[PDB]
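The chain below stands alone and is given as structure tokens, in the form deposited in one PDB entry.
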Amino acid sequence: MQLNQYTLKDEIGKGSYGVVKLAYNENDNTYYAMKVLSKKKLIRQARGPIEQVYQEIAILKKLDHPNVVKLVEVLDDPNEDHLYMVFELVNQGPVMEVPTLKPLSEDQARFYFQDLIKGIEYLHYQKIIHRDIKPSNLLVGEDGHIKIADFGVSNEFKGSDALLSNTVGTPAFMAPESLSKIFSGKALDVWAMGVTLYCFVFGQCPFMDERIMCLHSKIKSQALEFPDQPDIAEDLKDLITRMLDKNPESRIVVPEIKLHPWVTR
């Protein structure tokens, strides 16, 4: 299929909505990742899915950082059902697959976690709360560095932080204060970064249940416990415990994560 200067090829992946296809650009002889979305399918899937897509378009047009995925072009005719989002091509796999029997080593987890810190610090500096941080939304670029993706449920704010009351995101990564109020958006992202880091070294989420009610009660009430294997350093366990503090008041903040001994060694 030909679309403007692009030759559409096979399906290579999926977004939270839409399919990703390989797209050859005839003008610069470079390949791109093209996310193909049906407006009709987004409407039937119902901030609903179509509002999530247009939020992401609006956020990604304003951002420029080495740890944020690059949106190159949007093809959207208002009288056509399909809209196309063209991104810089990255690795086919994300930072890691979850659940996995082969989790990251501690050096690799530190390297990717340092990228995640830089990316989240930039987003927070740009007044954006991501709200869906997880390994499958952490792409890996040609440079070998993390590129944050999926801005569909993000929130922009004016002032020092976002003071929010709604529950959005991926259930396994949602902070306990959002499942029981007004709460800090930055601390929600810190909790999800904690669930992500736990996933990097254990290959599984810290709180898991097939039943969404039970998953939520575990996030709110199950004390954090580390598996016996793999053995991980005490400083890493200490950092994860502080990021997965159920009380957002006492949860570690990003400036403090940057001075944590596991991060600085």
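Only the largest set of C-alpha atoms that superpose within 1.5 Å between the two forms is called the rigid core. Numbers for residues come from their place in the sequence shown, where the first is 1.
> Quick check on residue 229: across the other compared entries (only those modelling residues on both sides), is it unmodelled in a third or more?
Result for residue 229: never missing in the compared entries.
> For at least a third of the other PDB entries compared, is residue 48 missing from the model even though its neighbours are present?
Residue status for residue 48: gap in at least one third of the other entries.
> Unmodelled deposited residues between residue 46 and residue 47: none, 1 to 3, 4 to 9, or 10 or more?
Count of unmodelled residues in between: 10 or more.
> Please classify the unmodelled stretch of the deposited sequence between residue 180 and residue 181: none, 1 to 3, 4 to 9, or 10 or more residues.
According to the record, 1 to 3 deposited residues lack coordinates from residue 180 to residue 181.
> Which has the higher mean CA temperature factor in the PDB entry, 28 to 36 or 231 to 239?
The stretch with the larger mean CA B-factor is 28 to 36.
> Report the stretch with the higher mean CA temperature factor, choosing between 251 to 259 and 9 to 17 on the basis of the entry.
Taking the mean C-alpha B-factor of 251 to 259 and of 9 to 17, the larger value falls to 9 to 17.
> Highest Cα B-factor in the deposition, which of 78, 93, 176, 135?
Max CA B-factor in the entry, restricted to 78, 93, 176, 135: 78.
> Which one of 110, 82, 118, 131 shows the biggest C-alpha B-factor in the PDB entry?
Of the candidates given, the C-alpha B-factor peaks at 82.
> Grab the CA temperature factor for residue 160 from the record and place it in the lowest, middle or highest third of its chain.
Residue 160: CA B-factor falls in the highest third of its chain.
> Taking only the Cα B-factors deposited for this chain, tell me whether residue 63 sits in the lowest, middle or highest third.
For residue 63, the deposited C-alpha B-factor lands in the highest third.
> Grab the CA temperature factor for residue 197 from the record and place it in the lowest, middle or highest third of its chain.
It belongs to the lowest third of the chain when residues are ordered by C-alpha B-factor.
> Among the chain's modelled residues, which third holds the C-alpha B-factor of residue 88?
As the PDB entry reports it, the C-alpha B-factor of residue 88 lands in the middle third of its chain.
> According to the PDB entry, is the CA B factor of residue 148 in the bottom, middle or top third of its chain, that is, lowest, middle or highest?
As the PDB entry reports it, the C-alpha B-factor of residue 148 lands in the lowest third of its chain.
Note that the form deposited in another entry isn't included here; everything after this is about it.
> Core aligned, which of 91, 108, 100, 126 has the Cα that shifts 2 angstroms or more between the shown form and the other one?
Comparing both forms, the shifted residue turns out to be 91.
> After fitting the rigid core, is the C-alpha of residue 11 off by 2 Å or more between the shown form and the other one?
Where the cores coincide, residue 11 still shows a C-alpha shift between the shown form and the other one that is 2 Å or more.
> Look at residue 54 and decide if its Cα position differs by 2 Å or more between the shown form and the other one after superposing on the rigid core.
Shift of 2 Å or more: yes.
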